[PDB]
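Chemist: Please find one structure pasted underneath; my questions will follow.
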Amino acid sequence: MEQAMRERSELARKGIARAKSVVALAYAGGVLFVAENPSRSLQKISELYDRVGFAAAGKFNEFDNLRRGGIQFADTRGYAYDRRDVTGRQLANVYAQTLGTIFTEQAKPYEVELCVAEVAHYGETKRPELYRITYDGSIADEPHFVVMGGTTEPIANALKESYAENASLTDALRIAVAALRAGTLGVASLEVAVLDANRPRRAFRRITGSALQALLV
Amino acid sequence: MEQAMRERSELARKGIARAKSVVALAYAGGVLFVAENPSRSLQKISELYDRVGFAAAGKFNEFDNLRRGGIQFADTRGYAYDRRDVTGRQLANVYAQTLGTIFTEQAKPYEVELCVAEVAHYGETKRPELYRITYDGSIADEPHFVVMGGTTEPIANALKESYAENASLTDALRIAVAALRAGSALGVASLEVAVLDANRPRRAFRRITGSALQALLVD
Amino acid sequence: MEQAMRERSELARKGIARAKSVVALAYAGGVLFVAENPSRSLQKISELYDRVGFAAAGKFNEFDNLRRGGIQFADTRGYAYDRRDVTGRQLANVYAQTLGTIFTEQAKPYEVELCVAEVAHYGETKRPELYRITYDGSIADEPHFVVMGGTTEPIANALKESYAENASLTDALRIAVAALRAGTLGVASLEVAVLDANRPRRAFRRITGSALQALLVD
Amino acid sequence: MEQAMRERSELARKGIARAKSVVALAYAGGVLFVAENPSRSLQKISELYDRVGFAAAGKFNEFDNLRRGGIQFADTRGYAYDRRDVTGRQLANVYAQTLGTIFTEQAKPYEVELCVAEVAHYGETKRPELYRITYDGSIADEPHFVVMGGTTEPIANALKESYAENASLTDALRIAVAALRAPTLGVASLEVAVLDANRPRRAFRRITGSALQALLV
Amino acid sequence: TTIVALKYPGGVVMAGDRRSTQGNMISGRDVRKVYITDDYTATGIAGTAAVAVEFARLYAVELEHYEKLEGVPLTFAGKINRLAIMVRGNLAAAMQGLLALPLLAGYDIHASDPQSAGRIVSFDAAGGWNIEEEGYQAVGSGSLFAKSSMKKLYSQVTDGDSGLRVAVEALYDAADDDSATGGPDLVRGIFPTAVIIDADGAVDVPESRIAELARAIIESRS
Amino acid sequence: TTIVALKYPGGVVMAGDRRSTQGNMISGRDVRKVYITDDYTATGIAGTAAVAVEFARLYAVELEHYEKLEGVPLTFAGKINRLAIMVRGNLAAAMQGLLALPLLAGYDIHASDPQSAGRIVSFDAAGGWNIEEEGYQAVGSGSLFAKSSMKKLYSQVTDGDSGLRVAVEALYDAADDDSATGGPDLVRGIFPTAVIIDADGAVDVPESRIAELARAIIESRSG
Amino acid sequence: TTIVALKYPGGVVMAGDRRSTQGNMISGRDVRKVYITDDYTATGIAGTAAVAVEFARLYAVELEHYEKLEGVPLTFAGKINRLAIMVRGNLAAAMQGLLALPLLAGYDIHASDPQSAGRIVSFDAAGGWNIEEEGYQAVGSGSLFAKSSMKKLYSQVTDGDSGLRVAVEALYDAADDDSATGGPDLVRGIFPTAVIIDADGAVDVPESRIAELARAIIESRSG
Amino acid sequence: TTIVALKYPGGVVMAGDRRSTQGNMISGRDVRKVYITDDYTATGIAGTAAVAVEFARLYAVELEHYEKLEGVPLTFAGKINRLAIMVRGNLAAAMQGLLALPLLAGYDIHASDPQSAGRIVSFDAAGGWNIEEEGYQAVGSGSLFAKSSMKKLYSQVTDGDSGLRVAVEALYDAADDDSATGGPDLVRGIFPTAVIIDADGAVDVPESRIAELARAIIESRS
Ligand SMILES: COC[C@H](NC(=O)[C@H](CC(=O)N1CCCCC1)NC(=O)CCc1ccccc1)C(=O)NCc1cccc2ccccc12
Ligand SMILES: COC[C@H](NC(=O)[C@H](CC(=O)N1CCCCC1)NC(=O)CCc1ccccc1)C(=O)NCc1cccc2ccccc12
Ligand SMILES: COC[C@H](NC(=O)[C@H](CC(=O)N1CCCCC1)NC(=O)CCc1ccccc1)C(=O)NCc1cccc2ccccc12
Ligand SMILES: COC[C@H](NC(=O)[C@H](CC(=O)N1CCCCC1)NC(=O)CCc1ccccc1)C(=O)NCc1cccc2ccccc12
């Protein structure tokens, strides 16, 4: 018992420590997701629901499984009740439950770390919410930023002494890429998305190609 | 089996000890729940039924599973029979059974400790009831207070002397936060506070948050 | 836990290391698949969908199972929605999920390595896509070429030095067979197919026998 | 994991080595099956479909299970589609899949080795096809002959030196029995069958008793 | 049966008669058909008594269930959806005579304007629903008399008291033209039940007030 | 069949006739249709005999089952809900001719006012239920006549005894106008069965009491 | 009920009446029957209200579900196929009176030219579908009147505003000849709902525009 | 609806009208009823539109599925069997009004004589099948008129072009006597669709050729 859980926890922690890093931090316009991602077509950040976004670090197929499960849960809940009853707290909670069960009962635990973010509805005034769920179902509610994957300590430290509330989009992005460096980081190695509190319905929006290159310089 | 059950009991006990502490104590107006909780929205204290509340310490997803299961049980029993047939003794019993089965048969035991509290119905004279359920299904009936999670000995000692079953809400709260402080080394941002208010007409559970809680804290 | 996973990963890696090699590289006319295959009826390269092709290295029954499963997925999806909704990215993703499940839960992991390639639809100008799925469900998307099976490093380097974008079919073939040698072939030891971006609907076509001999003489 | 698969492969390999030998070779009139068989009623060579025959070496009940499963597969395909859609490549492929599953998942792997042979349909000029399926699902496409069971090396070499692509039935049989030796086997220790490309529909026919004795003299 | 609901400035009111029948025979005089399902919601149901009461109970339990599980109550749209799904679920038994139609009245605390935060939702047997943006709605065998009465009397609704009057009067007309709807029983002192909902929540109107309104209506008609 | 139940100051009474019929033929003279389901509740059931008895028996078993499992009896609302759920469960067979409607009389020990702790609840075939405040209720083929009699005689109910007499008289009128309801058989000495429930529990009324009241009624109607 | 949809240069328009009926009785005046199912598609549905609304809702959820799972929205053909499969799935309940027919209007971003990139697809109760190459289509009890009106008025469509006019007018003729379709209620200010879709997406036409157009129609037919 | 198919020396042709009806009402003018299911096979379907289109699409998907799985296309008999099994599977819904009959036209590359490689197979609602030896076949509400016309006109078929004209003329007679089959619409420029299949595969006949052939027929009949 003790050694089985020890071994599972260690496999998962090593798996996450070996993967690329992702950071999500709240800024004046909503929530910003920046992830080291060389792929053209594979995504570590995704939309969950109207005002709820998703970021992950670790083994792709596994956190993608979790992503699809989250989208399925959210869409089903919005159908059964209403789109306004779907909240970031709910998705984070279900991710905690699911990752707990996976970690305890699956053949191999999931080498993943998750962040569920929620911005306010259009016109509503509500401070963003950031949630971090780890491989064993542990859940934490962060107020400013979330770092997942790889060697986090230098990135978390970089953010701790360089982050300010309500930063501009360019400022928040530059701070994010800066914190990522501590551990080239141009448009070709980045995946950037944002939950934009200023959009009427679907807040998730990607910043790619020429636009992202413009935002970096 | 001599060592498998020992390992399970140890995993659960250690899991509970490494987590933050929760206190539930009976006061003049009902029952008070105070839990060290940095989260803005992740709850360790919850309503179960009209006059029955729930407090937990340990791994979140597990005692949240148990919380949801308890709400399911209570609502189902109230529907099948009547709301007045749902009692704290019942929820404590089903929690004992459930945690026993989990502890013996689940892949991993639950690192949780539970408190089920019940106050009297509106207009009825009856002393509050506190039940304590541990990770192995052990159930105990506490008369004054229940402490769960972390190092419980300093908190239990702090409460045991200088306790008032007829304390005011503010007095009982400040004694509770004091006992929580004796297990440290707080304020609105580090506490989750709720109450089973015996003076409310139907649903006795209510939360004490923000400025109101600050009022109870600072004087 | 860690010992079982070490053994599974080790079994799969050795099994793949013992099998013949396959190369897939993008050229001016689409994507080229070249695989060491002495057989005359057993396949390592196959069509998946209109513009999506499949190549595999390792134990035959296993990557053939995966091949059939991919064809099932593609045909079922194209029926449920439309033929234009089936993409190479989708098939690569599902192969990653499936091989993850196999690696984690089946009695023995699959000693296979997969490549899913996609070319543009007729008349559209879209860069080819190469996907590599490994025995444990790890997936990567390469822009130029993919090498699988056997001792890959010499072939990968050989291509790294000798590969050129938008090469002719004959040029890409010569470069591919050359890179395969460093790890004398010809029509009797090769299985060659191409995703031909210039075909109206079904892009997959095999190059066998006299035609292949013609392309090899150059 | 690795230990278990090694033990399985060894059990199956030893089982096949301890068993009688079987040869299948293409000749001018089709395909010839010759097997060391002391029994009078237990058969190691059998018909699968119109132009597809089956030969096996190893533990009887196991390769007999596979023989029956192959017959079921072939008949089911022929009914669902048409008799002309059943091919030797298909039966070989399904046998590879099946033996893979058995080898990895059955309580004990099957100590068997299989040969699936196909001749052309009546009035067609298609060179015979020989397929070899081993205990772990490995499948190979042989051009001239297949040898299974016991110590194969001397027989395979003997056929390599003595094979003739278009030999007569008597010639091919003599070569097969010659390679099988390398007690004094005859028409009491042999089971012989042929896929006769000159039959109108069912090509499988056995060569037994007086006719076989004629063929050896 | 007749259940009425109307919006007034800053709130909503719902009232129902007290009569239970089996064919022509009166089998109940004190029956209640309007229930407070939530702190800010009330439900009145018409049709088969068993199905109606079980609808009210199960629905309230469902709302409070979601509230305790997720720590926040459902949005009003969610409540509408759950009631609709319940009716649609009952369609099969309804076709065999276990029919029940609900009428939902609530106060949306998330609405932009607290003066127009009242909500009235009507349903059909297939779980079709309608949020009334016209001020009043009714359900039951006398609902057409009640709707036509409120069509004339609605311009008088300016506060909670005038709205309650118009509601009780609509029930009076319904009972006047429908024998399955019960009017005020001055001999027994049995009057319609009413619930009023504003920002302070949903509360049941005391019977004394409704009786006062009933006598005002009766005297006005003589 | 006729089952009556009426409230008296501080208690409740329930009575039932003794006749069993199959169409026009009398198949029973001593049948008992009112049962003590628990220390403080009794149920009288009308309709198909098999289903009626199964209802009474199964219901008593359910109540005592909950009591032993949870160490406390059900609240009266809980008892009502369980009986209603039972009827609704039988709805299907009732549609096919196995109909049985119960009438419940109880004493709520948790009630605020002990003089008005009597409870009478009626049900319909879908398990709809109504807690009666009218004061009395009846079920069965003669229930119209018995209820109309009690409508006139109820003002005379001042204690348990006057309530018992009014109950037996209502059964007498029921039998007077309904051939499916049996009246007092003075030749055989078979009289309605009655149960009375107060704060001390539910007890069977002895045959001598009901017989005396019956003979008083008969002589009063005979002059 | 009448839902109309027509193609105009570079876009599509869809409009629907506001009337809800139960037999002859009018049970709704402000009902909405045209919904924006995705950024470039709108669906108008006729038939049983419950089934119609459930179709629209579930359909929108399905499209957005595929979009979020696979990172790209469905091809237009895929959307057509899914709606058809949904209707075909409802066929059984439709035979018992829960019938619902949709009409789909969209803007295909993958079209070879933003002229004629608008798409109009009609369906039958078995989920048959048709992509209209003749510019307009209608569904509902007044669909024949509206289609016959557009048959004469379609030549006037040159941009979004003229198309919106012809749509509202076709609805006016439908309501003129069909009592189940509602016309403009000038007393209450309730007018048909409309959605217009071009390369910039799908937008709701404000009630003001539709009102002005309705009064233009009325005054053209009056003086 | 009418679908026709006839053999010519070394090939086969299939043509179909463009009309869709709901009862008496015309609900379609440009409908396509003949489809290329694979490189050497084409299918034309009559009956309920939804079921017909699902048949054609699903059938092509099935054939290509087998081709990719097993590396070789089905034998022609295999294609016949699968189509028949599909029809037999639909029998239940066909009894309920969702009837769809297919007509199959192909060129068998495995056939003995490259001129006798043409194949025409007709079906019934139970998935009965017939390989036609008499050269032509039709399906749909006008199939009896089209077959009786081709009975007289088939002797004129000598190559891949005369066969097309006999097909188009048969469709013309079908539309002449059957209102459910649509004839040439010279005002709108809508003509029947045709597919021709020979050793080089299956190709769509261009519209302009069908237009000229139709005009020749019309002016011949005037
Ligand atoms: C359908 O319109 C007539 C309906 N009547 C009924 O539902 C009456 C009510 C009744 O007799 N009792 C109430 C319960 C205690 C006994 C007396 N049963 C019936 O009509 C029998 C139903 C049935 C029989 C056989 C097979 C299937 C179903 C009614 O009044 N409906 C009004 C109504 C609405 C909301 C809550 C209510 C609660 C109690 C009573 C009525 C209520
Ligand atoms: C429907 O109203 C007439 C009803 N009659 C019946 O239920 C009688 C009872 C009877 O004949 N016997 C009792 C048992 C021993 C033999 C004599 N069965 C019947 O009439 C036939 C039942 C039936 C018909 C069709 C299909 C299936 C079943 C009745 O008297 N009901 C009164 C009654 C109430 C509570 C407990 C009772 C117990 C015994 C007898 C009667 C009881
Ligand atoms: C001609 O077709 C008649 C149809 N009528 C209906 O659907 C009406 C609608 C209605 O009464 N209400 C709307 C919602 C609740 C309040 C009032 N129900 C019914 O006719 C009852 C259906 C039923 C079926 C089987 C057994 C029993 C009953 C209709 O108007 N359909 C039009 C329509 C189309 C799209 C969206 C809509 C949304 C709301 C209302 C109507 C809508
Ligand atoms: C003999 O029967 C006539 C048949 N017509 C039909 O099947 C018409 C066609 C039609 O109105 N639309 C096409 C689809 C989009 C809307 C417009 N629907 C219907 O008859 C409705 C069937 C139904 C009714 C009630 C319950 C369930 C089912 C027909 O034309 N059949 C010919 C035909 C063959 C192959 C492909 C086709 C594709 C489209 C249209 C027709 C096609």
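Just so we're on the same page: first chain in the structure tokens is A, next is B, and so on; residues restart at 1 for each chain, and ligands are numbered from 1 in the order they show up.
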For chain A, list the residues within 10 Å of chain G, counting only C-alpha atoms, and write the list as a PyMOL selection string.
Modeler: chain A and resi 41-43+46-49+64+67-72+74-76+78-79
Chemist: Would you give me, as number ranges by chain, the residues of chain A that come within 7 Å of chain B, using only C-alpha atoms?
Modeler: A: 1-2, 96-97, 100, 104-105, 137-138, 141
Chemist: With only C-alpha atoms as the counted atoms, please give the residues lying no more than 7 Å from residue 37 of chain D, apart from itself and same-chain residues fewer than 3 positions off, as a ChimeraX atom specification.
Modeler: /D:189-191
Chemist: Output C-alpha atoms of each residue in that selection to a file, as a PDB file, in the first residue's frame.
Modeler:
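Output below, filename selection32.pdb:
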ATOM      1  CA  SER D 189       3.617 -42.634 -41.395  1.00  0.00           C
ATOM      2  CA  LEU D 190       2.650 -39.908 -43.883  1.00  0.00           C
ATOM      3  CA  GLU D 191      -0.338 -37.638 -44.374  1.00  0.00           C
TER       4      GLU D 191
END
Chemist: Output, as a short mmCIF file (atom, residue, chain, number, x, y, z; two decimals) with C-alpha atoms, in the first residue's frame, the coordinates of chain E following least-squares superposition onto chain H across all in-order C-alpha pairs.
Modeler:
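Result saved to part_29.cif:
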data_model
loop_
_atom_site.label_atom_id
_atom_site.label_comp_id
_atom_site.auth_asym_id
_atom_site.auth_seq_id
_atom_site.Cartn_x
_atom_site.Cartn_y
_atom_site.Cartn_z
CA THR E 1 -38.85 8.81 -60.17
CA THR E 2 -37.30 6.85 -63.02
CA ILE E 3 -33.79 5.40 -63.16
CA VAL E 4 -32.67 3.62 -66.33
CA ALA E 5 -29.59 1.54 -67.04
CA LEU E 6 -28.61 -0.20 -70.25
CA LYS E 7 -25.59 -2.08 -71.57
CA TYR E 8 -23.77 -1.00 -74.71
CA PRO E 9 -20.83 -2.71 -76.46
CA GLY E 10 -17.98 -2.39 -73.97
CA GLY E 11 -19.79 -0.38 -71.30
CA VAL E 12 -22.89 0.50 -69.33
CA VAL E 13 -24.96 3.68 -68.91
CA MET E 14 -27.29 4.81 -66.12
CA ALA E 15 -29.50 7.92 -66.06
CA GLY E 16 -32.07 9.43 -63.73
CA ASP E 17 -34.57 12.27 -63.58
CA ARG E 18 -34.33 15.31 -61.29
CA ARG E 19 -37.79 15.59 -59.69
CA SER E 20 -38.63 15.57 -55.98
CA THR E 21 -42.28 15.48 -54.93
CA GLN E 22 -44.40 15.38 -51.79
CA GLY E 23 -47.69 13.91 -52.93
CA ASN E 24 -48.76 16.17 -55.78
CA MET E 25 -46.52 19.12 -54.86
CA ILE E 26 -43.15 19.44 -56.56
CA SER E 27 -40.51 19.90 -53.85
CA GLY E 28 -37.39 19.69 -56.02
CA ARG E 29 -36.15 20.33 -59.55
CA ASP E 30 -32.37 19.75 -59.38
CA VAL E 31 -32.39 16.54 -57.33
CA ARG E 32 -29.79 13.90 -58.22
CA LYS E 33 -30.67 10.21 -57.94
CA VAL E 34 -27.69 8.52 -59.65
CA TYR E 35 -24.36 8.36 -57.82
CA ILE E 36 -20.91 7.00 -58.63
CA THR E 37 -20.42 4.56 -55.75
CA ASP E 38 -17.14 3.07 -56.99
CA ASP E 39 -14.48 3.56 -59.63
CA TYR E 40 -16.42 1.06 -61.76
CA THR E 41 -19.89 1.19 -60.19
CA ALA E 42 -22.86 3.59 -60.18
CA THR E 43 -26.08 3.40 -58.15
CA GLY E 44 -29.48 4.98 -58.78
CA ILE E 45 -32.11 4.83 -56.05
CA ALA E 46 -35.87 5.47 -55.99
CA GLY E 47 -38.20 6.08 -53.05
CA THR E 48 -37.93 8.11 -49.86
CA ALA E 49 -35.27 10.77 -50.42
CA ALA E 50 -33.61 10.48 -47.01
CA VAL E 51 -33.34 6.69 -47.28
CA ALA E 52 -32.15 6.86 -50.90
CA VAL E 53 -29.34 9.34 -50.26
CA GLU E 54 -28.24 7.59 -47.06
CA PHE E 55 -28.24 4.32 -49.01
CA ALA E 56 -25.93 5.76 -51.67
CA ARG E 57 -23.53 7.34 -49.15
CA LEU E 58 -23.34 4.38 -46.77
CA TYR E 59 -22.91 1.97 -49.69
CA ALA E 60 -20.01 3.89 -51.26
CA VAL E 61 -18.37 4.17 -47.84
CA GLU E 62 -18.81 0.42 -47.35
CA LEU E 63 -17.15 -0.46 -50.67
CA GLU E 64 -14.21 1.88 -50.10
CA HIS E 65 -13.96 0.59 -46.52
CA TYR E 66 -13.48 -2.99 -47.71
CA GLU E 67 -11.07 -1.77 -50.40
CA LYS E 68 -8.79 0.01 -47.92
CA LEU E 69 -9.02 -2.71 -45.27
CA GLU E 70 -8.24 -5.69 -47.51
CA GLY E 71 -6.16 -3.86 -50.13
CA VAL E 72 -8.33 -5.00 -53.06
CA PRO E 73 -11.91 -4.05 -54.05
CA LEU E 74 -14.82 -6.42 -53.73
CA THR E 75 -15.79 -8.67 -56.60
CA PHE E 76 -18.96 -7.56 -58.36
CA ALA E 77 -20.86 -10.46 -56.79
CA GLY E 78 -19.72 -9.16 -53.41
CA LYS E 79 -20.97 -5.65 -54.21
CA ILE E 80 -24.34 -7.08 -55.26
CA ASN E 81 -24.50 -9.04 -52.01
CA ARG E 82 -23.74 -6.00 -49.85
CA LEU E 83 -26.36 -3.84 -51.57
CA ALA E 84 -28.90 -6.66 -51.22
CA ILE E 85 -28.13 -7.05 -47.50
CA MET E 86 -28.58 -3.30 -47.08
CA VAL E 87 -32.04 -3.34 -48.70
CA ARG E 88 -33.12 -6.41 -46.73
CA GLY E 89 -31.92 -4.63 -43.61
CA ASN E 90 -34.17 -1.70 -44.46
CA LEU E 91 -37.27 -3.86 -45.14
CA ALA E 92 -38.73 -3.14 -41.68
CA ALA E 93 -38.62 0.66 -42.04
CA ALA E 94 -39.68 0.33 -45.69
CA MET E 95 -42.96 -1.26 -44.56
CA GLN E 96 -43.65 1.96 -42.59
CA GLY E 97 -43.02 4.27 -45.56
CA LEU E 98 -39.21 4.61 -45.66
CA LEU E 99 -38.93 2.59 -48.86
CA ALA E 100 -35.92 2.70 -51.19
CA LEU E 101 -35.15 0.49 -54.20
CA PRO E 102 -31.71 0.60 -55.86
CA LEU E 103 -30.53 -0.12 -59.40
CA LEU E 104 -26.87 -1.03 -59.80
CA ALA E 105 -24.80 -0.54 -62.97
CA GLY E 106 -21.16 -1.56 -63.17
CA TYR E 107 -18.22 -2.75 -65.26
CA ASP E 108 -16.61 -6.01 -64.10
CA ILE E 109 -12.85 -5.74 -64.66
CA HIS E 110 -12.51 -9.48 -63.92
CA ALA E 111 -14.86 -10.48 -66.75
CA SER E 112 -13.56 -12.70 -69.53
CA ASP E 113 -14.93 -10.57 -72.37
CA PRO E 114 -14.50 -6.77 -72.04
CA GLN E 115 -17.31 -6.18 -74.56
CA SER E 116 -19.87 -7.96 -72.34
CA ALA E 117 -18.33 -6.95 -68.99
CA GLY E 118 -21.22 -4.57 -68.32
CA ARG E 119 -23.51 -5.46 -65.44
CA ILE E 120 -27.03 -4.31 -64.53
CA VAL E 121 -28.62 -5.49 -61.27
CA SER E 122 -32.17 -4.75 -60.12
CA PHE E 123 -33.58 -5.27 -56.63
CA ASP E 124 -36.86 -5.69 -54.78
CA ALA E 125 -37.80 -4.43 -51.32
CA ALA E 126 -36.82 -7.76 -49.71
CA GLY E 127 -33.29 -7.51 -51.12
CA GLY E 128 -33.94 -10.04 -53.88
CA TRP E 129 -31.59 -9.23 -56.76
CA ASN E 130 -31.32 -9.93 -60.48
CA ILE E 131 -28.33 -9.59 -62.79
CA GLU E 132 -29.89 -8.46 -66.06
CA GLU E 133 -28.88 -10.54 -69.06
CA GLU E 134 -31.19 -8.64 -71.40
CA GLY E 135 -29.49 -5.24 -71.86
CA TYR E 136 -31.62 -2.74 -69.93
CA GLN E 137 -33.54 -2.26 -66.68
CA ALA E 138 -35.30 0.56 -64.82
CA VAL E 139 -36.67 1.40 -61.36
CA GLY E 140 -39.19 3.89 -60.01
CA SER E 141 -42.75 5.04 -60.60
CA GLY E 142 -42.13 5.45 -64.34
CA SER E 143 -39.92 2.39 -64.87
CA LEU E 144 -42.55 0.47 -66.86
CA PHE E 145 -42.85 3.22 -69.47
CA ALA E 146 -39.05 3.34 -69.66
CA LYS E 147 -38.70 -0.44 -70.00
CA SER E 148 -41.37 -0.59 -72.71
CA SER E 149 -39.69 2.27 -74.59
CA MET E 150 -36.24 0.67 -74.36
CA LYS E 151 -37.80 -2.60 -75.55
CA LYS E 152 -38.40 -0.89 -78.90
CA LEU E 153 -35.37 1.42 -78.99
CA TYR E 154 -32.71 -1.02 -77.73
CA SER E 155 -31.86 -2.51 -81.14
CA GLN E 156 -30.35 0.91 -81.96
CA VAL E 157 -27.72 0.66 -79.20
CA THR E 158 -24.34 0.10 -80.87
CA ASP E 159 -21.94 2.34 -78.89
CA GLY E 160 -21.87 4.64 -75.87
CA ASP E 161 -23.52 7.56 -77.67
CA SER E 162 -26.48 5.59 -79.02
CA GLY E 163 -26.92 3.97 -75.61
CA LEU E 164 -26.96 7.35 -73.89
CA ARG E 165 -29.53 8.56 -76.43
CA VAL E 166 -31.79 5.56 -75.84
CA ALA E 167 -31.48 6.06 -72.08
CA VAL E 168 -32.40 9.76 -72.16
CA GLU E 169 -35.30 8.96 -74.50
CA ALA E 170 -36.58 6.28 -72.13
CA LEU E 171 -36.50 8.88 -69.36
CA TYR E 172 -38.39 11.18 -71.74
CA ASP E 173 -41.19 8.64 -72.21
CA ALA E 174 -41.28 7.94 -68.46
CA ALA E 175 -41.66 11.65 -67.69
CA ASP E 176 -44.23 11.83 -70.50
CA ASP E 177 -46.52 9.30 -68.82
CA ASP E 178 -45.58 9.67 -65.12
CA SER E 179 -46.05 12.99 -63.34
CA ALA E 180 -43.62 11.91 -60.59
CA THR E 181 -40.82 11.68 -63.19
CA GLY E 182 -39.39 14.97 -64.45
CA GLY E 183 -38.63 15.66 -68.08
CA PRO E 184 -36.13 18.12 -69.54
CA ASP E 185 -36.79 21.63 -68.25
CA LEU E 186 -35.71 23.73 -71.22
CA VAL E 187 -36.72 26.93 -69.41
CA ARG E 188 -34.41 26.25 -66.45
CA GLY E 189 -31.90 24.11 -68.34
CA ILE E 190 -32.24 21.12 -65.98
CA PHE E 191 -31.74 17.70 -67.57
CA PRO E 192 -31.41 14.11 -66.33
CA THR E 193 -28.14 13.07 -64.77
CA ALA E 194 -26.13 10.31 -66.39
CA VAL E 195 -23.13 8.14 -65.59
CA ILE E 196 -21.27 6.02 -68.16
CA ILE E 197 -18.86 3.23 -67.19
CA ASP E 198 -16.27 1.48 -69.35
CA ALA E 199 -12.76 0.07 -68.85
CA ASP E 200 -11.55 3.60 -68.04
CA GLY E 201 -13.92 3.70 -65.06
CA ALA E 202 -17.16 5.46 -64.23
CA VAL E 203 -17.61 9.12 -65.18
CA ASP E 204 -20.54 11.51 -64.99
CA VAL E 205 -21.79 12.64 -68.40
CA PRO E 206 -21.63 16.45 -68.72
CA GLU E 207 -25.00 18.19 -68.76
CA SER E 208 -24.34 19.81 -72.15
CA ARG E 209 -24.32 16.45 -73.95
CA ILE E 210 -27.52 15.30 -72.24
CA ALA E 211 -29.19 18.59 -73.18
CA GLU E 212 -28.15 18.07 -76.81
CA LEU E 213 -29.74 14.61 -76.72
CA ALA E 214 -32.90 16.03 -75.13
CA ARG E 215 -33.33 18.63 -77.88
CA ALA E 216 -32.73 15.97 -80.52
CA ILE E 217 -35.49 13.86 -78.96
CA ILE E 218 -37.93 16.78 -78.66
CA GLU E 219 -37.38 17.90 -82.26
CA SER E 220 -37.76 14.29 -83.40
CA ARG E 221 -41.16 14.17 -81.68
CA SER E 222 -42.48 17.37 -83.30
#
Chemist: Report as a ChimeraX atom specification which protein, DNA and RNA residues come within 12 Å of ligand 2, using only C-alpha atoms and all ligand atoms.
Modeler: /F:1-3,15-35,43-57,93-103,139-142,179-182,193
Chemist: Provide as a list in words the residues of chain C at most 12 Å from chain G, counting only C-alpha atoms.
Modeler: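 Selected residues: residues 77, 78, 79, 80, 81, 82, 83, 84, 85, 86, 87, 88, 89, 90, 91, 93, 94, 123 and 124 of chain C.
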Chemist: Generate the output file for the selected residues, C-alpha atoms, as a short mmCIF file (atom, residue, chain, number, x, y, z; two decimals), in the first residue's frame.
Modeler:
data_model
loop_
_atom_site.label_atom_id
_atom_site.label_comp_id
_atom_site.auth_asym_id
_atom_site.auth_seq_id
_atom_site.Cartn_x
_atom_site.Cartn_y
_atom_site.Cartn_z
CA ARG C 77 -16.23 9.93 -38.71
CA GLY C 78 -16.50 10.80 -42.40
CA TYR C 79 -19.90 9.10 -42.44
CA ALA C 80 -21.13 10.75 -39.23
CA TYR C 81 -20.10 14.23 -40.39
CA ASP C 82 -18.44 14.65 -43.79
CA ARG C 83 -15.34 13.58 -45.67
CA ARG C 84 -13.85 17.07 -45.30
CA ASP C 85 -14.08 16.85 -41.49
CA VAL C 86 -11.61 13.92 -41.36
CA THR C 87 -8.09 15.29 -40.87
CA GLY C 88 -4.59 13.97 -40.32
CA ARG C 89 -4.42 15.77 -36.98
CA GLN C 90 -7.51 13.86 -35.82
CA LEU C 91 -6.11 10.46 -36.78
CA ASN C 93 -4.55 12.35 -31.96
CA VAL C 94 -6.67 9.19 -31.80
CA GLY C 123 -6.45 22.72 -55.78
CA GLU C 124 -5.62 23.93 -52.26
#
